[PDB]
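Structure first, then comments.
Just so you know, all these numbers are worked out from the coordinates, no wet-lab data involved. Positions of Cβ are generated from backbone atoms using ideal geometry, with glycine treated the same way; all protein chains shown enter the neighbour counts.
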Amino acid sequence: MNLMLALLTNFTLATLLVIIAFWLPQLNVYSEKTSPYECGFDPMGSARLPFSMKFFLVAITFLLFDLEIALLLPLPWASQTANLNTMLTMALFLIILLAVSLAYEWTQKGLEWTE
Amino acid sequence: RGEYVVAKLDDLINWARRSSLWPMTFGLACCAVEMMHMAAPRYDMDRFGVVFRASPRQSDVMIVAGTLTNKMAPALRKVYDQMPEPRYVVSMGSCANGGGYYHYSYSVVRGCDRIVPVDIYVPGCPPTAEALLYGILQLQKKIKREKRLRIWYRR
Amino acid sequence: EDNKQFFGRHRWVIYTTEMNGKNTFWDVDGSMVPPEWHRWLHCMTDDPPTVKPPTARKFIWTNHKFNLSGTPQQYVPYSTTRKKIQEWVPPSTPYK
Amino acid sequence: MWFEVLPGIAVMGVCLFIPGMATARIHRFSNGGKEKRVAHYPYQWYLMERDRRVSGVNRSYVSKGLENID
Amino acid sequence: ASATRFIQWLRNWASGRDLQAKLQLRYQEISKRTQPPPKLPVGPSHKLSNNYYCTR
Amino acid sequence: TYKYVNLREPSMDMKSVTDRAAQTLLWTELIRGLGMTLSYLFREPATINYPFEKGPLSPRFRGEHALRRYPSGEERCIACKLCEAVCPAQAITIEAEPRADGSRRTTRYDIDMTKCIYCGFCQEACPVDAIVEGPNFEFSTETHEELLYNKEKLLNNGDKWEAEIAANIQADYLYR
Amino acid sequence: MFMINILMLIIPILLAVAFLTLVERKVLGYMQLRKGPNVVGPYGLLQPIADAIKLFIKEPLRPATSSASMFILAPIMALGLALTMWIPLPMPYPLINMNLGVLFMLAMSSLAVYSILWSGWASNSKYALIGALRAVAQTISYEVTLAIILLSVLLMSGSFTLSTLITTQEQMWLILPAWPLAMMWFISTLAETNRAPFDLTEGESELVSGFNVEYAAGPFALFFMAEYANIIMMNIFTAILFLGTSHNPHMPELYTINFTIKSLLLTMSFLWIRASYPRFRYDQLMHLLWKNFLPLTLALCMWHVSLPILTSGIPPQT
Amino acid sequence: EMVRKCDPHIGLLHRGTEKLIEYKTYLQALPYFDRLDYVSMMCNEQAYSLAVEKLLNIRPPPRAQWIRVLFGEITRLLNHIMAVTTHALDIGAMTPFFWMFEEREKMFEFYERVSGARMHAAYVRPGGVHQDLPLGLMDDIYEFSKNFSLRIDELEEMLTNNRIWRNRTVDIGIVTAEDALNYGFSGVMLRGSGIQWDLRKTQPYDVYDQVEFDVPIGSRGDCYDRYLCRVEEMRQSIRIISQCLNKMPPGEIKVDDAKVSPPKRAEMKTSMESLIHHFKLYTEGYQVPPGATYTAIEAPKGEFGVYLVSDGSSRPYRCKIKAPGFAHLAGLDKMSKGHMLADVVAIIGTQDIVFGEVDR
Ligand SMILES: COC1=C(OC)C(=O)C(C/C=C(\C)CC/C=C(/C)CC/C=C(/C)CC/C=C(/C)CC/C=C(/C)CC/C=C(/C)CC/C=C(/C)CC/C=C(/C)CC/C=C(\C)CCC=C(C)C)=C(C)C1=O
Ligand SMILES: CCCCCCCCCCCCCCCCCC(=O)OC[C@H](COP(=O)(O)OCCN)OC(=O)CCCCCCCCCCCCCCCCC
Ligand code: SF4
Ligand code: SF4
Ligand code: SF4
C-alpha cells in the first residue's frame, strides 16, 4: 500500500507540473515556431531515416553479459551454503567464463566500432 | 481589490523574467568577442542571472552580435521564430543596428530590425563588454515596466 | 575608494535614491554619474572633482540628465535644414 | 569571496536534513515513541501480527508486559 | 592580497606554485592614472637647411 | 632556431615504469588537475560590481560623439567637411550656409550612429577640435531612430560632457 | 501520517535540487575566478525561485513533427522516477524499507533511461535522435560494470538491504577495504548521471542540447529537475555504500547531520569535476569501462567472493 | 556518427570587404582590416601597412617598427588565448576560458590605452603608428608580462598531461607534411607536421630579425602537437615582449614625410604647408604609385597577406586578401576522414578559424 501510494504521489506531482506548464502560460502558436530545429536551416531529410549503429556487435554482447548479473547477483546468498567448496568453484568458473568471453571478443577486434 | 492583486502578480512575473534571462548562444562577427568578455570573470553576466543556452527553445533573449548578411538572414529569422515567448531581441553593434561599416554592400542586411523586432539597440563597433551589459540591464528595466496583467484586467 | 582593493574595485559609487524626480532606490543606472565624477570613477584620472574641479563654462549643463530613452523626454530625430524648393502660390483673385 | 558560497550550501544542507529527520520523528509518533518495526522475513511479520492481537487495541506497537499475565 | 595565512598556504599547496608572488589581480604596482605631460621628439626631417624634399 | 614540443622518449627503468603504472591506476595527473581548480576557488574573483564599479578607461577612449564650443559659446565647427570626407562609413552628412552674421556654419550635422564604426578618424581630421568622441559609452536606446543624431543632439552632448571632454583633451593633446 | 512523510521527502528534495543549481553556478564561478549569482536575492538565494517561475510561465511548444503522447510522457517519466529512487534510502530510516533495495534502485535507474530515449525519439529531430542513441551507448557502457561493482561490495555486507550497509560499516568505512571498487563506482555514477566528463546525451558543444533540444518551458524544467535530483541521490547512495555513518537509535538526527554533510561533499565533487576536465568521446567511454573497469571488476568480483571464505568473514544473511 | 563527407558552406559572413575597399582611400580602408581576423586586429593592420609602404617606397621609423612588433606579439597572445581556450571549450574544458579571458581583458586595456578602442584600434597605419605610447604603459606591460608565464602553466596543468585531453587530440586530424604544402596550409598547420617554416625568420619584416625566439615544431601532425605548438608560441611571445620592452628606442612614431603621414596637430595649426597636407591627406589621401604587390606576415593564424593593386590614384584598384583560414577550412574534408562527429569539433578548433577573414 505504501509503495503504491508513494509511486502515485511521485507521478501525480510530475503530471500536475506538466499540466500547469501547458495551461498557465500565454501561447502564440504558428507554423515556423513549431518546425524542427536544425541550427537555422531546414533539415535535409527526415529524422526517421535509418541511423547506422557502429557498436551493434557490442550491443548484442551487452545482452549476453547483462544476463551474467542475473546469475552473479545470487552470490551473497550462495556464500551462506554448507557446500562452500562446490559453491566457490562454480562461482569462480562462472566468472572466469564471463572473462574468457570478454577476452575472445577483445582479441578478435569485436569491441572496435565499425568504420 | 482586483487591481491591487494583478499589480502584484505583474510585479512577480516581471521580476522572474528579468532575473532569469537566458540569451541564445548566437554570435556572428567581432561583436561576439565583446560578448564573450561580458561572460568573462571581470563582468560575469552569470551573476545577474544571465546564462547562455544553445537551444533556441530554451532561450529568452537573442543578442544579434555581429553582421547580418543576406545569406544568414533566413537562418536568423528561423531561430528567432523557434524561441518560445516572451522573447526579446537585443541588437549589438553598428552592423546589427543599421549595417555599420558595410551598410552599402550587396550582401549585407541594413539592420537586423528588417528581419526581427528589436527591443534594445546597443551602439558601438564593438560596444565594450560594459556597454553591452548596460543594454542588458536596460532590457531588464524595460521588462520591469510591463503591464501585461493590468492591461488584461481592464479589457 | 579603498586602495587596498585590487584595481577596478578600488572606486565605486553608491547611487542616490532620487534624481531628477525619478525614484532610484531600486532602479539605478550607469548614466546617473555626472561627467565630472565620470572621469574619476572610470580611472581616467587620479584626482577627484573635489580636489580638482572641472573648468567652468556658462554653456555646460548645470543639471545632468541620465539616459532618457523610452521616456517622453527621449530624442526624436528630424531634419534641421529648411525647405529647398518654394512652390508657386496662385493668385487669390479670379482673373475674369 | 568563497565563503559567499556557503549560504547556498547551508540552505541545500537544511533541505537534505529534513527528509531524514521527518521520517525518524514521524515513525516515533506512529509507533508510540519507538522505532517502526522492521519485518524483512515472515517470522518477524508473524510476531508483528501477534502483537496486534495481544495488544487488544489492534496496534502492534502497544506492548504488554508482565502486568498482562496472572 | 587579503587572504589569511592559512588560505594562502592551502591555495599554494593545491596548485604547487607560490601564487602570492605572481597575483593575477592588479594592485598599487600599476602606473598612476594621471601622468606628467610628455614632450615627444621630432623626426629626422625637422631641419631648417639641407632638407629639400626631392632628396628624400 | 627551433625546438621540439613532443619529441621525447620515456624512460624504461623499472622505477619509471612503475611511476607511470601508478599514474594510470591511481589517476595522479587527474588529481593534479583537481588541485589547480581548488586553488582558484580560494582566490579572490576578478569580478567588478557594475554599475556601482566601472572598468578602467583612458583619456583616448572613443565613445559617444559630441560637438564642442569655444569658451565664449561659439561653435567650433566651421563646416569644413573634413570629417565627412574621411569618415570610412559615410556616417556623417553635413550642410552649410553663411549664417545671419556671415559666419561659415552648418545647418545640418548628422551622424548615423548605426553606420559609424567609432574609429575616431573624424576627430583626427577636425582642424578646430569640434567633433570629438567623448568618454560616454552607456547610451543604448529602445528604438532605432534615437541613434540618428542631428546637430541639436550633438550640441547637447557637447554641452553635457564638456567638463569631462576638455579634461581628456588636456591630458592627451601633446600626444597628438 | 504516511502521506505527510511522502511530502516531507519530495518537497525538500525539490528545494535541495533548486538550490543545488545555485550552488553549482557559484562553485563553478569561483573555480573560474568569478562570482556567479549574487544579485537576485542576498548572495543569489532567490535565483532558483526566479528561474522556476520564469520556466513555468513561458510558452511550451510541441514541435510540428513530434509524437505528442511520447513527447509529453517523457518528462513526466523522468521526474516521476527521479523522486522514486529516494523512497528506499535510509536516512537513517527509509520511507519504504525494502529487502532488495539495491536491486530496486538498479531497476529504476534502467527504466529512467527511457525518459531519454523516448524524449529524443518523440521530438522527431536529428539532434534529439543523436542524443538519444548516445544514451543507448552510455547505458551499454556502464550497466554491466555498475551492477558487478555493487555485487562486490554486497559480498562484504551480506544483503541487498540498504539499511544493512549501516551495520556493515559500524566499525569502519568500506572505503578502506574497497577503495579500488569505490574509485570505479564513483566514475560509474558520473556516467550513469550523464555528468561531465560523461555528459554526452546532452553534449552542449556537440549536439547543441542533445536529447532535449526541442523542449521548452516547464517540460524542460522537469528534465533539469530529474537530472539534478539524480546526482544528489547517486551521492547519497555512495555515502551509504562507502562512507557509512554511525546510527545511534536515540539520536537519529546525528546520523542525518553527518550523513548529510558527506552527501553534500560528494555532490560538491561532481561540480568540482565538471570544472576540471574535458569531455570523453562516447566511443572512448565504452572502451574505458569495457577494457579497463570490466577486467578489473571481474577480477575484484572473484576476489571478494573468495576473500570472505578464506578469512572466515562471510557476513550474516539477515 | 562517422563523418563521411564535410561540405563547409561559407559566405554567411561575406560582406564584400574587397569590393568596398575599392571605394575607399588607403586610410579609409584600414579599419576594414581590423575586422577580418577580429582576434588578431593589429596583425591585420600591419600586413596592410607593410603592403602600402612597399608600394609607397617609404619606411616607417625605427620606434614605430618596435611598437608594431611589440603589439604584434601582444596580439599573438590574444589570438592564441582565444584559439586554445575556445578549442578546449568546444571539447568540454570550460575553466581555462575564464582564467585566460581575464588576461585578454588586461591586454585589451593596452589596446585601449594606445588607441582608445579595446579591439579595433586602427593604430598601425602605413608610415608607422598613429600616436606614441602614453607614459607609464611600458611599465604596465612589464607587470603583465612578468606573471603571464604562470598563467600558461596553469593552462598546461589542466590540459597538457591530462589523459582525457590527449584522447581527444592525439592522432586526431593527422595531416602529412606533403599534403599540408599542397593544400595551402600555413603557420601552425605546417609546423605541426614538422615543416620548418616561419615568415618571421625566413622573410622578416619590421624588426623581427633583431629579436631572438624559437619556432616550435611538431612531430605527429595531429591536434595535440598543434596545441603544444600554440602553447609554446605563447611562451616565445613573452620572450619577444621582454626584448621589445628593453630595446625600445626613442624617436618619432610615424614617417617624417607629410605627403604620407599627417603632421602633428600643433604644426597643422601653425604652418601653411602642414595645414595643406593635413587637408589633402584627410580628403583625397596620398596617391600610391602604380604597381601590384603581394605582402604577407606571420599572423597568429598563419600566413596573412594582401595582393594590393594600385593604379596611381588615392583609392586601391584591387585588394585581394589571403586569409590563412580560407585554405585551412578547405582542408577540413581531408582531415576529417575516418573520424566521428566529436572529432570534427576538435579539428575545427585546431585550424583556428575565424570567419571574418575566411568570408571577407
Ligand atoms: C572567436 O571566434 C568566434 C567563436 O569562437 C569561439 C565563436 O564561437 C563565435 C560565435 C559565438 C557565440 C555563439 C557566443 C559566444 C559567447 C560565450 C559567452 C561563450 C564563451 C564561453 C563560455 C564558457 C560562456 C558560458 C559557457 C559555459 C560552459 C560556462 C559554465 C557556467 C554556466 C552557469 C553554464 C550552465 C551551468 C550550470 C551549472 C546550469 C545553469 C543552467 C540553468 C538553465 C539554470 C538552472 C536551471 C533550471 C531548470 C532552474 C532551476 C529550478 C527549477 C527547474 C525548479 C525547482 C524548484 C521547484 C519548487 C520546482 C564567434 C562569432 C566568433 O567569432
Ligand atoms: C620495492 C617496493 C616493494 C613494495 C611495492 C608494493 C607494490 C607492488 C606493486 C608494484 C610493483 C613493484 C614490485 C615489483 C618489483 C619491484 C622491484 C624490482 O623490480 O627490482 C628492482 C629492479 C631495478 O630495475 P632496473 O634494473 O633499473 O630495470 C628493470 C630491468 N628488469 O628491477 C629489476 O630489474 C627486477 C626485474 C624487473 C621485472 C620484474 C617484473 C615486474 C613487473 C611485474 C608486475 C608487477 C606488478 C604486479 C602487481 C600488480 C598489482 C599492483
Ligand atoms: S559592429 Fe563593429 S565589431 Fe560588431 S561585427 Fe560590425 S564591424 Fe565587427
Ligand atoms: S568615428 Fe569614424 S565612422 Fe564614426 S563618424 Fe567618426 S570617422 Fe565616421
Ligand atoms: S566637425 Fe570639424 S572636421 Fe567636421 S565639418 Fe566641422 S570643423 Fe570640419
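Collect residues whose amide H, placed 1.01 Å from N in the peptide plane, falls under 5 Å from the amide H of H:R125; neighbours closer than 5 in sequence don't count.
Amide H neighbours of H:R125, under 5 Å, 5+ apart: H:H130.
Taking the Cα atoms only, what angle lies between the long axis of helix H:95-115 and the longest principal axis of chain H, rounded to 10 degrees?
10 degrees
Skipping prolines and chain starts, which residues have an amide H placed within reach, meaning under 5 Å, of the one on H:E303, given they are 5 or more residues away or on another chain?
Here H:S186, H:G187 satisfy the definition.
Could you list, in their original order, any pairs among F:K115/F:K160; B:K78/G:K54; B:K141/G:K54; B:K71/B:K144; F:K81/H:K54 whose Cα atoms are separated by more than 25 Å?
Over 25 Å Cα-Cα: B:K71/B:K144; F:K81/H:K54.
Considering all projection directions equally, how large on average is the shadow of the alpha-carbon convex hull of the protein assembly as shown, in square nanometres?
Averaged projected hull area, Cα only: 66.2 nm².
Would you work out the charge dipole size for chain B about its Cα centre, treating the Cβ of every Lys and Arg as +1 and the Cβ of every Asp and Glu as -1, and quote it to the nearest 20 debye?
Using only the charged Cβ atoms, the result is roughly 620 debye.
So what are the ³J(HN,Hα) numbers for the stretch B:42-58, from phi and the Karplus equation (6.51, -1.76, 1.60; θ = phi - 60°), rounded to whole Hz, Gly and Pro as x?
Karplus-based 3J(HN,Hα) across the stretch B:42-58 equals 4, 9, 6, 4, 4, 6, 7, x, 8, 10, 6, 9, 6, 6, x, 7, 10 Hz.
Could you work out the helix-only [θ] at 222 nm for the protein assembly as shown, with each DSSP H run of four or more residues adding -39,500 (n - 2.57) and the total divided by the number of residues, to the nearest 500 deg cm²/dmol?
-15000 deg cm²/dmol, from helical runs alone.
Give the Rg (one decimal place) followed by the Dmax (whole number) of the stretch G:58-183, computed from C-alpha coordinates and expressed in Å.
18.5, 60
Apply the Karplus parameterisation 6.51 cos²θ - 1.76 cosθ + 1.60, with θ equal to phi minus 60°, to every residue of the stretch F:100-106 and state each ³J(HN,Hα) to the nearest whole Hz, in sequence, with x for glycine and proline.
For the stretch F:100-106, the Karplus curve yields 4, 9, x, 8, 6, 9, 9 Hz.
Considering just Cα atoms, how many Å³ per residue does the convex hull of chain D enclose?
118 Å³
From the cross-link list A:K33/B:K147; G:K35/G:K262; F:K54/H:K106, which pairs have alpha carbons spaced over 19 Å apart?
Pairs exceeding the cut-off: A:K33/B:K147; G:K35/G:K262.
Show me the helices of chain F, taken as full DSSP H stretches, that run 18 Å or more along their long axis by Cα and average 0.0 or above in Kyte-Doolittle hydropathy.
Those that clear 18 Å and a mean of 0.0 are F:28-41.
Fewest to most neighbouring Cβ within 10 Å: what's the order for B:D10, D:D51, H:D206?
So the residues, fewest neighbours to most, are D:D51, B:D10, H:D206.
Identify all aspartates and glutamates with a Cα-Cα distance to A:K109 below 17 Å; exclude those on the same chain that are fewer than 8 residues away in sequence.
Output for A:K109: G:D283.
To the nearest 0.05, what FRET efficiency results for A:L49 and H:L341 with a Förster distance of 22 Å applied to their C-beta separation?
Computed FRET efficiency for A:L49 and H:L341 comes out at 0.85.
Taking the Cα centre of the stretch G:1-159 as origin and charging only Cβ (+1 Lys, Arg; -1 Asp, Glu), how large is the dipole, in debye to the nearest 20?
For this selection, approximately 500 debye.
Using Cα positions and a limit of under 15 Å, work out the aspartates and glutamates in reach of B:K8, with same-chain residues fewer than 8 apart set aside.
B:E146
Any idea how far apart C:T17 and E:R5 come out in nm if each label point goes 7 Å out from Cα toward Cβ?
4.4 nm
With r as the distance between the Cβ atoms of B:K71 and G:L100 and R0 = 51 Å, compute the FRET efficiency 1/(1 + (r/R0)^6) and round to 0.05.
Calculated value: 0.25.
With bins 10 Å wide starting at 0, give me the P(r) of the stretch H:13-124 over every alpha carbon pair, in whole percents.
13, 39, 31, 14, 3
Reachable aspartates and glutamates from D:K36, Cα under 20 Å, same-chain residues fewer than 8 places away excluded?
D:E49, D:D51, G:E253
Only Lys, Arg, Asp and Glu count, each charged at its Cβ (+1, +1, -1, -1), so figure out the dipole size of chain G about its Cα centre, rounded to 20 debye.
About 480 debye.
Tell me, what HN-Hα J-couplings in whole Hz come from the Karplus equation 6.51 cos²θ - 1.76 cosθ + 1.60 at θ = phi - 60° for each residue of the stretch H:323-340, using x for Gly and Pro?
Here the 3J(HN,Hα) series is 7, x, x, 4, 6, 4, 4, 4, x, 5, 6, 6, 6, 9, 5, x, 10, 9 Hz.
Between G:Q317 and D:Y46, what is the FRET efficiency for a Förster distance of 30 Å, r being their Cβ-Cβ separation, to the nearest 0.05?
Calculated value: 0.95.
Say each of B:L9 and H:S271 gets a label point 7 Å from the Cα, pointing the same way as Cα to Cβ; how far apart are those two points in nm?
Output for this residue pair reads 7.6 nm.
For a quick check: with amide H placed at 1.01 Å from N, whose amide H comes under 5 Å from F:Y2's, ignoring anything fewer than 5 positions away on the same chain?
Here H:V215 satisfy the definition.
According to the Kirkwood expression over distinct Cα-Cα pairs, how big is the hydrodynamic radius of chain G, in Å?
20.7 Å
Got a sec? Charge dipole of chain D, +1 on Cβ for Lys and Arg, -1 for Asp and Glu; which of D:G56, D:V11, D:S30 is way out at the positive end?
D:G56
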